[PDB]
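Only one chain is included here, represented as structure tokens and corresponding to the form deposited in one PDB entry.
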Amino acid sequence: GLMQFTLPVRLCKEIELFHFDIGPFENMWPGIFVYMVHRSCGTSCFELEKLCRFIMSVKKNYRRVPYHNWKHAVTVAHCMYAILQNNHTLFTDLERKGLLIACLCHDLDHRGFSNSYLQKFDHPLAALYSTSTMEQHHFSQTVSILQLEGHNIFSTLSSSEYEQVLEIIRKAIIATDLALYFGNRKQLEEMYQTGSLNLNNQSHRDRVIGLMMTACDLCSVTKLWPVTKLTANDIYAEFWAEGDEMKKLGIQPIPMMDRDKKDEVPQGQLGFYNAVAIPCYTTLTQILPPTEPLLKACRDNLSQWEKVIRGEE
């Protein structure tokens, strides 16, 4: 109860910043998460013993893939921590509880393959879940782990408060399906622009949390350039393995997934920043002004990929 988590001084200061990198010491990542829950939510949000047992079971259910791994989970939770801490008064008690957990769980048991590859392979998960296939699975794995003995971190919530937090987590995880992001951001853009956006309207809040989930999920493009650049190598190592598997099924993959077309990576990142990332952080900054450093960092990284193309690196 009187037992804080404290971080060394450099991590204590830099963890508050949006561009923080959680580091290569895997054994410190649980401590970093608990630290963030404690300042974001409170030392009373969760029973320490249950929360530590939940974190360790979540870790165990992330696989040893190049990108969609335990480090990605904790990275996405840290971006959500930074958003919540820079927007103190905008979020409910239940939302603070649910959103860091949703972020830690959002890619549980990822195999390093897209929804499209599962559907072409005819994976059983593609018959169980016809849209947002991996995302319905991540939510299903989250509920499985919450139901293990001694793992119910929400045990103190009422029946209806429990149902609300699980519903925040479900919508937050479904929203990480990038297919859904384009339409969500268009609606939010129109709502903001015609001044109909209303944070007392639950369906509006839902959309705003959706966009926060996309922003946290893509936060690799908001880091210092050497982090951004080295993370892109992991991102492509997955896509290229999926491309290899597409070629094994007798299907030319898209160029993004074809290792034979490595050379167009710089131009592929430009389209990504222009079509996905910059629009995401722009609309997020319009709705939540203190998230502007994510947009500024994204713009700085777009300019670095421009320099790669001009052969200045």
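From 1 onward, residues are counted along the sequence shown. Shifts are known only where both forms have a C-alpha. So that the term is clear: the rigid core is the largest set of C-alpha atoms that superpose within 1.5 Å between two forms.
- Mean CA temperature factor is higher for 90 to 98 when stretches 170 to 178 and 90 to 98 are set side by side in the entry.
- In this entry, the higher average B-factor at the C-alpha atoms falls on 262 to 270, of the pair 262 to 270 and 66 to 74.
- Among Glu163, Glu135, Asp234, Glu242, the highest C-alpha B-factor in the deposited entry belongs to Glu163.
- Between the residues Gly195, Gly112, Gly210, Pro226, it is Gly195 that shows the highest Cα B-factor in the PDB record.
- Annotation for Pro293: CA B-factor lies in the middle third of the chain's modelled residues.
- Remark: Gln202 belongs to the highest third of its chain, ranked by C-alpha B-factor as recorded.
- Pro279 sits in the middle third of its chain by CA B factor, as recorded in the PDB entry.
- Remark: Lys247 belongs to the middle third of its chain, ranked by C-alpha B-factor as recorded.
- Compared with the other modelled residues of the chain, the Cα B-factor recorded for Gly31 ranks in the middle third.
The same protein has a further form, the form deposited in another entry, not shown here; the description that follows concerns it.
- If you fit the rigid core between the shown form and the other one, you'll see the Cα of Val308 move by less than 2 angstroms.
- When the rigid core is held fixed, the Cα atom of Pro289 travels less than 2 angstroms between the shown form and the other one.
- Here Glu26 counts as shifted, since its C-alpha moves by at least 2 Å between the shown form and the other one after the core is aligned.
- Note on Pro290 and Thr6: their C-alpha atoms are more widely spaced in that other deposited form, a change of at least 3 Å from this conformation.
- Under a 2 Å criterion for C-alpha shift, the consecutive stretches of 3+ residues that differ between the shown form and the other one after core superposition lie at 1 to 10, 23 to 27.
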